[PDB]
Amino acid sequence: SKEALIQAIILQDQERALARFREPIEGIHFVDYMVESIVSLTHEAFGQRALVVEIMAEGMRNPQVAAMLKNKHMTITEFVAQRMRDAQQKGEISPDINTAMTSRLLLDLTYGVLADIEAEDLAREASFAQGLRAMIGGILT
């Protein structure tokens, strides 16, 4: 079945995301870390990014795939929120933010950048990382 193959690809895509956030972030401001995490998406293999978006499109017309993506996005956002709480205790970001919602909106900005066909060209401009820095630092402070 097609759903079984998609589920295996989702776990592999999820694993690349978990590698960014599974460990405590030492010696790096969380705003600087989130900026580099989203900017580095533009340099991953394009066919790998295209496969993520193809599965995202399938999930919007396939309830079984939508359930797999709900689990994938839940898993990623819980780890991002944990690193967010670490930054709050270290005094790096505001202790008043809604970490669950903030992680979800950061993940949506992530997939919006991931799906941009011209993201690699935009990343060559200095205003690309600065604009992301202003968006990311804005919601975290």
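Numbers for residues come from their place in the sequence shown, where the first is 1.
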property: Given 84 to 92 and 32 to 40, the range whose Cα B-factors average higher in the PDB entry; result: 84 to 92
property: Mean C-alpha B-factor comparison - 45 to 53 and 93 to 101, higher one; result: 93 to 101
property: Third of chain Cα B-factors occupied by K70; result: middle
property: Ranked C-alpha temperature factor of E15 among modelled chain residues, by third; result: lowest
property: Cα B factor band for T77 (lowest, middle or highest third within the chain); result: middle
property: Third of the chain's Cα B-factor distribution that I117 belongs to, per the entry; result: lowest
property: Cα B factor band for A134 (lowest, middle or highest third within the chain); result: lowest
